[PDB]
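Undergrad: Chains as they are written, first to last, in this note's numbering: chain B, 1 to 135; chain G, 1 to 135; chain E, 1 to 52; chain V, 1 to 27. Heads up, the beta-carbon is just placed ideally off N, CA and C, and yes, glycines get one too.
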Amino acid sequence: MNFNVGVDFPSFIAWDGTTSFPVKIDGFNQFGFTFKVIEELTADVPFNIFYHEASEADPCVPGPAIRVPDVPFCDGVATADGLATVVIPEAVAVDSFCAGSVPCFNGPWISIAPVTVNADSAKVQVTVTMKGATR
Amino acid sequence: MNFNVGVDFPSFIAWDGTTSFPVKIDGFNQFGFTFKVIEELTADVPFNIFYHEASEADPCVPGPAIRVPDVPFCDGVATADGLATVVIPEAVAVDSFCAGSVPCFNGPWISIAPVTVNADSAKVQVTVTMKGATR
Amino acid sequence: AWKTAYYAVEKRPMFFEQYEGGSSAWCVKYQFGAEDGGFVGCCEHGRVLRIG
Amino acid sequence: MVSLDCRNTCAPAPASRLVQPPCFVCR
C-alpha cells in the first residue's frame, strides 16, 4: 500500500537557505511549517513570519510583506512586541526535524525569512505543507 | 481552526534547483513527490528516480545510487527500458503543481534528479511528503 | 519485557483458490496467500548484550 | 509565539550509543 499523498497534502519550499519564496495558502484551510537542519549550528537562529496581501496591479501576485501579529492563548502571556517569531535551538541534531504553525490566517499569502542572514542561516531549510483543499 | 500539520505529514526538500538531497523514507509507511514550476519552460524535462542502500562503512550515511525498477499494473505494459521515470510536460503553468509516486519502496532512502542539468531543470522544484510515522 | 517491547499482528488466515486460467479438464492450478505484520513497541523495555 | 514539536531523530539512534557495563565490584 503506497499512496499518491501529494494529491491531498502538497508541500512547497519556503526557504532553501539563500532565498525566500512566498507560498499561497488561500486555496487550502490548514497549513504548517517544517524545519530541517543540514549541519550543526553554532548559535540560535531566529525566524520571522510575514504575510502578504493581493497586489493592486494584479490580483494573482502578492504585495509587500506584512508581519503576523501575536495571539495569546488562555495560558501564558503575550510577546514583548506582540509579533510572532520562531527560534531553533542549538541542540537540534543534523538528523531531526521540527514543526510548528500559526494559530490564525490573516492574508492569503504567507512567508518566512530569518532575522539575520549569515553562515548559520544557510544551515536550515523550511517547508510548508497544506492539508485541505476547498476547491 | 489551524493545525500543526507538520507533525503528522512532514515534508522534505528533494530538488531545490541546483542540487539533489537524499530523503530518508524509512520511518514512514507512505510518501509522494510534488513538482512545481517557477518560470516558463521551453522543452519537456525528464526526471530520474533513484534509491540508496545503507553505506557499508557507516549505517548513518546513504550508499550509492540505484535506479528504481518498473512494476507493471494489471492492464498495462512496461516501459521500454524497464526503469521508472517521470516527465513534466510543456503545458504546465507557473500557478499549478503535479504529484505522483512509485508503487514500491525498495531501499530505505530515496532521491530524484533531472536526466540533464541545463537552464530548464533549474526552473523546477521537487518536495517529498510522508504519511503517518511508525516509531 | 515482551508483550510490550514488540507486537505481532495477523490480518487473515491462509486461503486457497483454484485458478481458472491455467486449469483444464486434464490439470489443476492452485493459488494461496496470507497477510500479517509486526511493529516494535517500547524501545526502553529491552536490552542487548554484545562482545567488546 | 509558537511551540515547536520535534522528534528525537529520524533513526532511533543512527550511531547506537552502546556502553560498557559497570566494572566488576572488587576482590
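1. I think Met130 of chain G touches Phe28 of chain G, with their Cβ atoms under 8 Å apart; what is that distance to the nearest whole Å?
2. I need the DSSP call for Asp5 of chain V, collapsed to helix, strand or coil.
3. How big is the Cα-Cα spacing for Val48 of chain E and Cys10 of chain V?
4. Let me know the secondary structure DSSP gives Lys29 of chain E once reduced to three states.
5. Please confirm whether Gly107 of chain G has its beta-carbon closer than 8 Å to some beta-carbon of chain V.
6. Just to confirm my understanding: we take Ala65 of chain B, look at its own chain, exclude 5 residues before and 5 after, and list those with CB closer than 7 Å. What are they?
7. Closer than 6 Å by C-beta to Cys98 of chain G: which residues in its own chain qualify, once you throw out the five before and the five after it? Chain order, please.
8. I'd like to check one pair, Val128 of chain G with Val23 of chain G: are the Cβ atoms closer than 8 Å?
9. Restricting to runs no shorter than 4 residues, where is the alpha helix (DSSP H) found entirely within the segment 29-102 of chain B?
10. Please identify the residue among G:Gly82, G:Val37, G:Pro69 whose C-alpha is closest to the C-alpha of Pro89 of chain G.
11. Check whether the Cβ of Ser3 of chain V lies closer than 8 Å to any Cβ atom in chain B.
12. First and last residue of the beta strand (DSSP E) that includes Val126 of chain G?
13. Please report how far the alpha carbon of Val102 of chain G lies from the alpha carbon of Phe33 of chain G, in whole angstroms.
14. What residues in the segment 95-123 of chain B have a beta carbon less than 8 Å from any beta carbon of chain V?
15. Please tell me whether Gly37 of chain E and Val9 of chain E are closer than 8 Å, where the distance is taken between their beta carbons.
16. Cutting at 7 Å between CB atoms, please list the residues of its own chain near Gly82 of chain B, excluding the five before and the five after it.
17. Please confirm whether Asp16 of chain B and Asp16 of chain G have their CB atoms less than 8 Å apart.
18. What residues in its chain sit with their C-beta under 6 Å from that of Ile51 of chain E, if we drop five residues either side in the sequence?
19. Comparing the CB of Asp95 of chain G with every heavy atom of the ligand FMN, is any distance shorter than 7 Å?
TA: Considering the structure as presented:
1. Within the second sequence, the letter at position 130 stands for residue 130 of chain G. Within the second sequence, the letter at position 28 stands for residue 28 of chain G. Yes, they are in contact, since the Cβ atoms of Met130 of chain G and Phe28 of chain G sit about 4 Å apart, within 8 Å.
2. Numbered from 1 along the fourth sequence, position 5 holds the residue referred to as residue 5 of chain V. In the structure shown, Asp5 of chain V sits in a strand (DSSP, three-state: E or B).
3. One-based indexing of the third sequence puts residue 48 of chain E at position 48. One-based indexing of the fourth sequence puts residue 10 of chain V at position 10. Whole-angstrom Cα-Cα distance: 21 Å.
4. What you label residue 29 of chain E is simply residue 29 of the third sequence in a count that begins at 1. Coil.
5. For the purposes of this step, residue 107 of chain G is identified with residue 107 of the second sequence, where counting begins at 1. No, because no Cβ of chain V sits closer than 8 Å to the Cβ of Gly107 of chain G.
6. As a working note, residue 65 of chain B is residue 65 in the first sequence. Here the set comprises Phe50, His52, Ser111.
7. The residue labelled residue 98 of chain G in the question sits at position 98 within the second sequence. The residues are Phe35.
8. Residue 23 of chain G sits at position 23 when you count from the first residue of the second sequence. Residue 128 of chain G sits at position 128 when you count from the first residue of the second sequence. Yes, Cβ-Cβ distance for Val23 of chain G and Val128 of chain G is below 8 Å.
9. none
10. On the second sequence, position 89 is the one that residue 89 of chain G refers to. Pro89 of chain G has its Cα closest to that of G:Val37, out of G:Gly82, G:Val37, G:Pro69.
11. Reading the fourth sequence from its first residue, position 3 is the one you call residue 3 of chain V. Chain B contact via Cβ: present.
12. Taking the first residue of the second sequence as 1, we reach residue 126 of chain G at position 126. From DSSP, the beta strand (DSSP E) with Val126 of chain G extends over 124-130.
13. Translated into the one-based positions of the second sequence, residue 102 of chain G becomes position 102. Translated into the one-based positions of the second sequence, residue 33 of chain G becomes position 33. When rounded, the distance between both Cα atoms is 9 Å.
14. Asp95, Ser96, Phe97, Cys98, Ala99, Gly100, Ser101, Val102
15. Numbered from its first residue, the third sequence carries residue 37 of chain E at position 37. Numbered from its first residue, the third sequence carries residue 9 of chain E at position 9. Yes, they are a contact pair.
16. Sequence index remark: in the first sequence, residue 82 of chain B carries index 82 (1-based). Excluding sequence neighbours, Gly82 of chain B sits near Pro69, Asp70.
17. Working through the first sequence from its first residue, we reach residue 16 of chain B at position 16. Working through the second sequence from its first residue, we reach residue 16 of chain G at position 16. Result yes, Cβ atoms of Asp16 of chain B and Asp16 of chain G sit closer than 8 Å.
18. Locating residue 51 of chain E in the third sequence gives position 51, counting from the first residue. If we look at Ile51 of chain E and ignore the five residues flanking it on each side, it has no Cβ neighbours.
19. This structure lacks the ligand FMN, and indeed carries no ligand of any kind.
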